[PDB]
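Notes to accompany the following structure.
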Amino acid sequence: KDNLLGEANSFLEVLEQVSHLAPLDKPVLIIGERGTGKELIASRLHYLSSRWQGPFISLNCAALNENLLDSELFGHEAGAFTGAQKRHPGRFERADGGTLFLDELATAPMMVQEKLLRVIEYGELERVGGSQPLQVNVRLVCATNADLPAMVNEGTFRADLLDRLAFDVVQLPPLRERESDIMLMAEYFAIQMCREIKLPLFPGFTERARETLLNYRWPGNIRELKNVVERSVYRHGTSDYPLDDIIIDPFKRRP
Amino acid sequence: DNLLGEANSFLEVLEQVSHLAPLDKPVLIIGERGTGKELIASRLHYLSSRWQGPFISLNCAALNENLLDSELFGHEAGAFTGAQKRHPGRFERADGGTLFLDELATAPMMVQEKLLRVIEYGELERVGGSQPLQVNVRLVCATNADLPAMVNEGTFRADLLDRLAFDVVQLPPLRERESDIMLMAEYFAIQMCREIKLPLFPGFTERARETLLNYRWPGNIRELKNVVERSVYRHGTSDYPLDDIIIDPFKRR
Amino acid sequence: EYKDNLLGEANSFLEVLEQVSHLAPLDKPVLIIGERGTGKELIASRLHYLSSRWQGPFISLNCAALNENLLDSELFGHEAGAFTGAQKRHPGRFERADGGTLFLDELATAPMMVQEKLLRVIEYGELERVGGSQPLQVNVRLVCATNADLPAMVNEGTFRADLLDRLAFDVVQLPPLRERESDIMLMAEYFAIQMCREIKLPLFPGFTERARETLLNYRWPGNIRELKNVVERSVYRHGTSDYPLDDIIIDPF
Amino acid sequence: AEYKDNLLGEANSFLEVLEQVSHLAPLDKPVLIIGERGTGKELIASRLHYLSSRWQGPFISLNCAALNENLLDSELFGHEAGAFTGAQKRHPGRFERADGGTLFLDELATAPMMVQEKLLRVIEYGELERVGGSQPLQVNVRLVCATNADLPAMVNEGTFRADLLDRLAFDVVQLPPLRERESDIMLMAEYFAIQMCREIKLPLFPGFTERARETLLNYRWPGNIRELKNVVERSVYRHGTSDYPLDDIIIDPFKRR
Amino acid sequence: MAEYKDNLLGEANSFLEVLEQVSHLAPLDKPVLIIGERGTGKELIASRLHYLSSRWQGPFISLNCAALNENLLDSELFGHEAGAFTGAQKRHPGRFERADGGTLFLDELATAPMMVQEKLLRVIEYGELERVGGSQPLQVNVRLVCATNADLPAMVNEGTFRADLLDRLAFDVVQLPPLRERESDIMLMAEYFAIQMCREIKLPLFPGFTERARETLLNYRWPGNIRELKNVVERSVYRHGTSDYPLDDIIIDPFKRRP
Amino acid sequence: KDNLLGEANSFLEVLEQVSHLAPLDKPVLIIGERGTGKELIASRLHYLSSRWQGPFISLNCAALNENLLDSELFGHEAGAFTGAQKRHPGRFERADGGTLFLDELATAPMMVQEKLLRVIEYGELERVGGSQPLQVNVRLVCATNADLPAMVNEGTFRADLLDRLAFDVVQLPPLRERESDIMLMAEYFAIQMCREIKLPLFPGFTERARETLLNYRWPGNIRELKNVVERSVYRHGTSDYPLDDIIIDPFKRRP
Amino acid sequence: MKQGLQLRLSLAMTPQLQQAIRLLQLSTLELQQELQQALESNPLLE
Ligand SMILES: Nc1ncnc2c1ncn2[C@@H]1O[C@H](COP(=O)(O)OP(=O)(O)O)[C@@H](O)[C@H]1O
Ligand SMILES: Nc1ncnc2c1ncn2[C@@H]1O[C@H](COP(=O)(O)OP(=O)(O)O)[C@@H](O)[C@H]1O
Ligand SMILES: Nc1ncnc2c1ncn2[C@@H]1O[C@H](COP(=O)(O)OP(=O)(O)O)[C@@H](O)[C@H]1O
Ligand SMILES: Nc1ncnc2c1ncn2[C@@H]1O[C@H](COP(=O)(O)OP(=O)(O)O)[C@@H](O)[C@H]1O
Ligand SMILES: Nc1ncnc2c1ncn2[C@@H]1O[C@H](COP(=O)(O)OP(=O)(O)O)[C@@H](O)[C@H]1O
Ligand SMILES: [Mg+2]
Ligand SMILES: [Mg+2]
Ligand SMILES: [Mg+2]
Ligand SMILES: [Mg+2]
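Protein chains in written order, with PDB author numbering: chain 2, 5 to 259; chain 1, 6 to 258; chain 6, 3 to 255; chain 5, 2 to 258; chain 4, 1 to 259; chain 3, 5 to 259; chain M, 1 to 10, 13 to 48.
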């Protein structure tokens, strides 16, 4: 499919579950830490999914405000629209039969929440008069980094609607918990950045870098992975000289 | 199966609802979190003489355009630019038949007073066409009980709702329903297997059935459907009986 | 003739109605200390029908909780200025009724700012438009009704006591359900007749003294409307002119 | 031009105040009213507006307190184009009201210290506090004030800054307290009683019962703008004694019988 | 050029030296910053600077933060160019655009939005700003004027004042001698104000003031240093009349209820 | 290129770090104290980047309008509409490669935070009524007088808000920290300030005052040093005046 | 709430209505009479 970061037993099982869900057009949930890219994984699995070649929706959550699905997802394609009349494309109508991914869906308001709840209850929220229904055939996807478990417990979203929006919630475990893909990512990023930073060679994570990583809590995980990647890009040293002090923390004050 | 089997008490309530369906009286309805009080309404509407008439059910208080309550009856376009006003409206769409409300829960106190007054007196007038209100054919309200109003008083303007005592319908819990719950689950499973094009029903351990029965069913049959979906996807095979049923997709391993 | 709606056998109700007739012949301000259900909007109709100018349009129906922006717009508007919700000149204005009179309800909800604007209009009708010079006045009497103990509200300084004084050329206490008890059975009979005719029931097949005692024991926190629509639900429970309603449930709650 | 209003004000101090107003008539500086709510503060204000106006002189008796909205008072500061939902349309507004006149404020405390200081920057200078070409309109405008709040109390609130209270103040008029005047109270009371007996077209004036007159004098009536007239209409409700003279004073309108 | 000060409020104690320094700063093009009691010579100082505008044609433009519209005055802050906010039409000059090269007669209005403070700091960084919706800004010039009444350092310490505010502000401090402090021309400026009051009131001649009057004047701090004294004097022009007025001090505190 | 030189070992280190980062178009921020010439530093860097001859125009977060927020980074179509106007490029298009620094970044709202999180993508710009996104990736940089670690401690700065920055934070020495070129920096500041003052050349400059000034917090390090210098220059206003007992302590009352 | 000139906002007679209203702008007695003669159609119009 695509070049992938992480082939661990957990990562491999994730790939297997992705294959299982790929036929499953029923909406599901892939949970994980941000700065990893589970959305890209969803895109690859969608290429493997029912829509082997189909549409795709990015749909960052807080990209629409005071803009209903009717404003953007449904659109104003027909005549007699607001202002002077013309054609206007709509997302949720545009990408039927493809992929419908919701980015940072945990970042959500109550009103859009009530909208999407009915959209799920009816297949799509539809437009205008209450006599008009709709359904969307795109592969519905969504993800964020928040444990909604308490958000619904706090009522930030409708708990029943939360239950409705998916059919199988899956959570990506911490890469820091893995801490084995540490070396694999280090090497892959070393090659990629040697191609990028145009270095003579990859310095290689010397003993101190490995020890620090072993001690590192790595809160950002894949986010912290790219963070350490940039950090070592700062701490290049020499292409020959293996990087023992590879990490570079911006917050710290040297000397 | 695709219809509302319903428990015995639920069956009696269903008979009462199918009877009240011919009664086109304005109503306010209450169903559980995942009970699905809408399908019974559709069955009643078919049983109602309003079966032939339009039955536009409220679109979850959707907020398209700025017409809002004038969305109930508005204009399409000025003749000079676009099309004729063409008398299209929301309160008009449910014409000759039922009229169902949805997401009545979300409203604040002011719009609550507005709805109470509309119940007291309703008129429909639009820049585009429109037609007189005070008919509200086979009117019925629903989804208000999701967010109670004036439960300890206050909240929304439900003092008039206390005054406005048109009949209402409760919603027993799925755990309290005691219907053919396993049968409904099996029906859903068969429907999914057809949808999934599955080889067959792999089966279910009666021990697994009893263990899954250890659940409040907070989403009622909706919770049942979600748990069944998760359990089957975990099974992912038609080979052996489902000794596992999904408690919650939120977990760790 | 105003239909003598809810003709109150209560003597205090009769005195209140006599005062209502006297003041309605007058064209002077007045207050009504009454509750929703306790004469909900009925006295407004009494004033409109017995208005000092019967031809003078008394729209009444001011039990209107409108948002601060919404209420202020309901008072005043601007042509081709601001006012995103409406368009161009705002005919929507308290001057909508000239020749008749002007009333208020849910008046406890009036902000001190809105209350001040109202008192200013009461003393002198001017500046009733968001746009332009509004010295013009539409002649109309003043009346209102809210259920709050507005003496405490002013003791709380909740709104302008200026209107509270100026408008209150007569504050009329109005009867809740607990006030009228002798007329309770008669009003129940009147409502039952109205329902049977409306429900096409020939009549109530029979009334049990137990039924009357139970209904009287069942209080009416909403003085009329709660009792009225409770009777609606109870008749729906009975539904048969042949079947007497001895214990027809008033309300689901 | 316009005569000051007729008002039964037999209080000799009230007469002195009227004389003070007479002195202020040609004068062009701010005036305050420290009159009570229900002390005819607006009434004396109108008398003043007529007298000092003295040549078809415009007045303005408006309360931004009635202007319930912030954007409302913002519009009261004129805008030429893009004014709220409006776009490129004229709106003279309150500026025209004060054009060739003065400003009379009834209980101006409700104004925010932001609004207060807006008015402060307007007062001494006068150039147009409005979105307009160079906003240079320092119109020939005076001002006058009326509120029941206390100056130290306002300082505690701080809603009136130092220069606010000061460049606000050039004259002050505390209306005679409703508790202060006793004889003039019954005097204006009889005046209004006659006014009612006339306007109501009642063929007979009931007059005034001695017990009723004594009760009215004992009645605090700290509000007496028309709360006196209100109690007058209260007894007029107990009409039918037009030939008679029987006491009927409505103390608690909420209370019945 | 050299113009007669339209006012003659001078307090010889230090406002003489203050005026000397102000004249020194008058040719300068750096930020003009002032501080002191409102109703006390400070807006008068603003007049002083505005006349003290080197050469002429400098637009003595004054905009007061309290005299504005929250969430809306921004359209007039850096300018307006496009439709849907300035009523379409043309590039609508904002308060800043209304004064290019002219005086930024700001006073420390201490408006609630520190956002306003930053927006001004955005204007006051390098002489550059943009009308609303303009894809191209405009780097401009204008005289800059500030006047205050409160301890900006305290509020910044209290976090109430944007440190950046006083930072982009305050080319230097300009405080004022209080009426409890200046006390130089009490009788002299009193005579000047009384002369104006007589020229208005058309009384026959100067009524005169007793020594007890000046005694109470010394006893008074005069909270509105330049103004509250003028209030006393103006009220003195009222009440009793003619030349007989002399003793019995004067009418200083209108707020003071009559004895 | 014609800005104040720090003339410090830390200042030299910062200059070298900027020189190293000159080709790097990766996202960045100015940590430390804005209003101490972080603006000038970023500007001179924009002059000397890999795209030295490129269109660079910085921007401040707190500038635009909440309603016009969508019109901030971009432009709306509004063809036959109320705000009818031509296809407008807008900011994220208006820069297109150069340095548009994220100033006032500490002064942002959570809604603007969502906007930036959308901007975390290299272009892919969806406008109002737009058909297809456009990828406008540019040399990216910001400024932060605040401690984003403490900000995420308060949480108002999202973890993604921190993630947007793609550079390890270079920090400059505060007033107490730097205190290196204080005499020389004061000398240059006096040169400029007296060139403004047009007074005769200062015959008096006593370094004992400079020493006592070193015994001061100088919270406005870059600004207030020269500020008090020029303020004392104006207050003294004398050429033959030694740097003795002269100080701009506006908080202090004169005696 | 408050109002603003910028918002999602929801006309002017064109061609046919222009000549129509011009018939009103033209005098009905004679100026419109020439056009009415020029009609020469809509036989269902006596
Ligand atoms: N398996 C992987 N292979 C390559 N890159 C990856 C992998 N997982 C994550 N990434 C990197 O992590 C980033 C995650 O981006 P994205 O999915 O947009 O985050 P979010 O979903 O929080 O917006 C991607 O830019 C990608 O380069
Ligand atoms: N007795 C029943 N007969 C048929 N379908 C049912 C029954 N109970 C539950 N359902 C299903 O449960 C789902 C609940 O969906 P929804 O209407 O959103 O629930 P609610 O009305 O509680 O919000 C419905 O789609 C419906 O198909
Ligand atoms: N001389 C008078 N005789 C009778 N009534 C008077 C007289 N002067 C004033 N009033 C009454 O006092 C009422 C309140 O006046 P006023 O106190 O000026 O109002 P405001 O509260 O605006 O100051 C008016 O309605 C008026 O009828
Ligand atoms: N030294 C003075 N001599 C005479 N009059 C003065 C003097 N100082 C102030 N005034 C009076 O104060 C008024 C100016 O008020 P001012 O202090 O400028 O208001 P603000 O404080 O709002 O700028 C003038 O009318 C003037 O008569
Ligand atoms: N290293 C330095 N040497 C001499 N003068 C300096 C130095 N740094 C700053 N300055 C002076 O102080 C001022 C600092 O402002 P600036 O650095 O532009 O603020 P910012 O960069 O934070 O916007 C400049 O105008 C400059 O004249
Ligand atoms: Mg993403
Ligand atoms: Mg539902
Ligand atoms: Mg008044
Ligand atoms: Mg001033």
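Don't be surprised by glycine CBs; every beta carbon is placed ideally from N, CA and C.
Counting along the chain, the unbroken alpha helix (DSSP H) around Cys198 (chain 2) starts and ends at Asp185 to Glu200. Between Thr148 (chain 6) and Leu120 (chain 6), the C-beta gap is not smaller than 8 Å, which leaves the two residues out of contact. In the DSSP annotation of this structure, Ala88 (chain 5) is not part of any beta strand (DSSP E), being labelled neither H nor E. Across the set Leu229 (chain 5), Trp222 (chain 5), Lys230 (chain 5) and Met187 (chain 5), the C-alpha of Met187 (chain 5) shows the shortest separation from the C-alpha of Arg212 (chain 5). Between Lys202 (chain 5) and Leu138 (chain 1), the alpha-carbon positions lie close to 46 Å from each other. With a threshold of 7 Å, the Cβ atom of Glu125 (chain 2) counts as near ligand 2, since some heavy atom of the ligand is closer than that.
The C-beta of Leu5 (chain M) comes closer than 8 Å to at least one C-beta of chain 4. A distance criterion of 7 Å places the beta-carbon of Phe105 (chain 3) beyond contact range of ligand 5, judged by its closest non-hydrogen atom.
Residue pairing by DSSP leaves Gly36 (chain 2) without any beta bridge partner. The beta-carbon of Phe255 (chain 3) is placed less than 8 Å from the nearest beta-carbon of chain 4. DSSP links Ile61 (chain 4) through a beta bridge to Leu104 (chain 4).
Counting only unbroken stretches of 4 or more residues, the alpha helix (DSSP H) elements lying wholly within the stretch 102-169 of chain 3 are 114-123, 152-158 and 163-168, in sequence order.
Counted as a single uninterrupted DSSP element, the beta strand (DSSP E) harbouring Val174 (chain 6) occupies residues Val173 to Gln175. Between the stretch 14-30 of chain M and the stretch 241-254 of chain 3, the count of Cβ pairs shorter than 8 Å is below three; the stretches do not touch. Looking from the CA of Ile195 (chain 3), the closest CA among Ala84 (chain 3), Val233 (chain 3) and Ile34 (chain 3) belongs to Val233 (chain 3).
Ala2 (chain 5) sits away from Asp185 (chain 5), with the two beta carbons spaced by 8 Å or more. Within the stretch 16-44 of chain M, contact with chain 2 at the beta-carbon level (separation under 9 Å) is assigned to no residue. The shortest C-alpha to C-alpha distance from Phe78 (chain 1) to any of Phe96 (chain 1), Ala88 (chain 1) and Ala84 (chain 1) is the one to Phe96 (chain 1). Annotation for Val140 (chain 4): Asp100 and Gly127 place their beta carbon closer than 6 Å to its own, counting only its chain and skipping 5 residues before and after. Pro177 (chain 5) has its alpha-carbon roughly 11 Å from the corresponding atom of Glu183 (chain 5). Looking only at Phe15 (chain 3), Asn64 (chain 3) and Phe255 (chain 3), the smallest Cα-Cα distance to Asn157 (chain 4) is reached by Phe255 (chain 3). Under DSSP, the beta-bridge partners assigned to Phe209 (chain 2) are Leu247 (chain 2). For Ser54 (chain 4), the number of other beta carbons within 10 angstroms of its own is below 16, and it is reported as exposed. Residues of chain 2 whose Cβ lies closer than 9 Å to the Cβ of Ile61 (chain 1) are, in chain order, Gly133, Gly134, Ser135 and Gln136. The beta carbon of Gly36 (chain 4) lies closer than 7 Å to those of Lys42, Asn149, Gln175 and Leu176 in the same chain, with the five residues before and after it left out. If you compare the alpha carbons of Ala112 (chain 4), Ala46 (chain 4), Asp167 (chain 4) and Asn7 (chain 4) with that of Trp222 (chain 3), the shortest gap goes to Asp167 (chain 4).
Its Cα nearest to that of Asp6 (chain 4), the residue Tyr51 (chain 4) stands out among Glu191 (chain 4), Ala26 (chain 4), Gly241 (chain 4) and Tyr51 (chain 4).
Going by C-alpha positions, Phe15 (chain 2) is about 51 Å away from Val116 (chain 1). Under the DSSP assignment, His240 (chain 6) falls in the alpha helix (DSSP H) whose first and last residues are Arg227 to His240. Looking from the CA of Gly159 (chain 3), the closest CA among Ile250 (chain 3), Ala88 (chain 3), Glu20 (chain 3) and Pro113 (chain 3) belongs to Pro113 (chain 3). Proximity of the beta carbon of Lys119 (chain 1) to ligand 8 is not indicated: no heavy atom of the ligand is located closer than 7 Å.
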